[PDB]
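Architecture and fold: a report
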Amino acid sequence: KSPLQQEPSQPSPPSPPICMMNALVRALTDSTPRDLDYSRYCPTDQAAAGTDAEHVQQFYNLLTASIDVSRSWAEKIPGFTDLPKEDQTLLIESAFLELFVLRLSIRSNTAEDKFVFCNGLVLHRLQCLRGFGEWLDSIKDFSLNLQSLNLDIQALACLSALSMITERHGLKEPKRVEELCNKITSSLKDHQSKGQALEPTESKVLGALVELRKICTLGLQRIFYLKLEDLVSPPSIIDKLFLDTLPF
């Protein structure tokens, strides 16, 4: 009598408003040290006296703390949990080095040649030169460029989420990760329109994004040689990350 065909053409009322930008910023502000720790901070530190083995030990200890902080950072993000369990794990492991570098560069001061970690620990430049070496130096150069961009708090919050969220390879539903990426870009996009220019600085971000990626692969390269040496052998979590992640 009355058959149905074609699309329903339902307007579909808009979803209720969400403070997406605020949530990202809130998480970003809490994951920063206040007390600060300069007990081991020194103006001069030459690579010597167990430089390799001791520094390598320091390297994993810092990352172990960094990844837990990164996890909490991801956990604070709204809609992060909604993604499959495996997706959330894949995103964290792949983006752990990127988040550490990105967050470290923002917090660090290139003019002062000092690096401030999310734990408040400061390793100047030479202190991390023992292992990172030229790898650290690249981060300092990257940080200077990043500072030039400025990137407000809200803009920065979306970008850190953007770095964390991206299509990998054996992803759970590429679209789950992409869905979240679009969500971050939605908040971010309105942020870029807030300024008088109304021009998105994403293109500038992508140029620094490639450089950021170079650091991510550089981190893998440095540790690859150190692991062959096996000065102290990486922890299960960090070694797991290396094997789980791929250079491609």
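1. Points about the overall build of the chain
Helix and strand counts for the chain come out as nine helices and zero strands. Counting from the amino terminus, helix and strand elements in the chain follow one another as α-α-α-α-α-α-α-α-α. Over its C-alpha atoms, taken along the principal directions, the chain stretches across nearly 90 × 40 × 30 Å. A buried classification covers 40% of the 248 residues belonging to the chain. For the chain, the accessible surface area stands at approximately 14800 Å², while carbon and sulfur atoms represent 53% of it. Once the 26 positive and 32 negative side-chain charges of the chain are each reduced to a mean point, those two points are 4 Å apart.

2. What to know about the packing of helix α3 (residues 85-107) against helix α9 (residues 236-244)
Close contact between α3 and α9 brings their axes to 9 Å; oriented N to C, the two are set at 100°. Relative to α9, the element α3 lies roughly perpendicular. Where α3 abuts α9, its residues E93, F96 and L97 lie against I237, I238 and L241. In terms of residue class, the contact of α3 with α9 is built from five nonpolar, no polar and one charged.

3. Concerning the packing of helix α1 (residues 20-30) against helix α6 (residues 153-164)
Their axes nearest at 8 Å, the elements α1 and α6 cross at an angle of 85°. As far as their axial angle goes, α6 and α1 are roughly perpendicular. Residues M21, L24, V25 and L28 of α1 lie in contact with α6, whose contacting residues are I153, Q154, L156, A157, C158 and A161. In terms of residue class, the contact of α1 with α6 is made up of nine nonpolar, one polar and no charged.

4. Observations regarding the packing of aromatic side chains
Taken as a whole and assessed by the stated rule, the structure comprises four aromatic pairs. Ring geometry for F59 against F132: centres 5.1 Å apart, planes inclined by 55°, an arrangement best described as tilted. With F59 in helix α2 (residues 51-76) and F132 in the loop between α4 (126-129) and α5 (134-149), this residue pair connects regions lying 73 residues apart in the sequence. Each member of the pair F59 and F132 is classed as buried. Summarising the aromatic geometry, the rings of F100 and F117 are spaced 5.6 Å apart at their centres and angled 15° between planes, so their arrangement reads as stacked.

5. Focus: helix α7 (residues 174-194)
Here α7 spans 30 Å end to end across 21 residues, near enough to the 30 Å set by a 1.5 Å rise per residue. Restricting attention to buried positions, one finds in α7 the residues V177, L180, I184, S187, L188, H191 and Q192. Tucked into the core, α7 has its buried residues touching α1, α3, α6 and α8 (202-229).

6. Side note on the UniProt feature "domain: NR LBD" in the chain
Those residues carrying the UniProt feature "domain: NR LBD" are residues 16-245 in this numbering. Each end of residues 16-245 is marked by a C-alpha atom, and these two atoms are 38 Å apart; helix forms 65% of the span and strand 0%.

7. Side note on the pattern of salt bridges
By the definition in use, this model includes nine salt bridges. Measuring nitrogen to oxygen at the nearest pair gives 3.3 Å for the salt bridge that ties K140 to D113. Residue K140 is found in helix α5, and its partner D113 is found in the loop between α3 and α4; the two are separated by 27 residues along the sequence. Residues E179 and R176 are paired through a salt bridge, measuring 3.2 Å at the closest nitrogen-oxygen approach.

Conventions and cut-offs
Residues numbered from 1 in each chain as written, not as in the entry; some residues may be left out. Heavy atoms only, no water. Helix = DSSP H or I, 4+ residues; strand = E, 2+ residues; numbered from the N terminus. Buried < 20%, exposed > 50% of the residue type's maximum accessible area, 1.4 Å probe, protein only. Areas by Shrake-Rupley, 256 points an atom, 1.4 Å probe, with all protein chains shown as cover. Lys, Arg positive; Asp, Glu negative; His and termini not counted. Charge placed at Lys NZ, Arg CZ, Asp CG, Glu CD. Axes fitted to C-alpha atoms, helices over the stretch in contact; angles between N-to-C directions. Parallel < 35°, antiparallel > 145°, perpendicular 65-115°, else oblique. Contact = heavy atoms within 4.5 Å. Nonpolar A, V, L, I, M, F, W, Y, C, P; charged D, E, K, R; others polar. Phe/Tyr/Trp six-rings, centres within 6.5 Å; stacked < 30°, edge-to-face > 60°. Expected span 1.5 Å × (residues − 1). UniProt positions renumbered as here; feature names shortened; annotations may be inferred. Salt bridge = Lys/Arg side-chain N within 4 Å of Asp/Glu carboxyl O.

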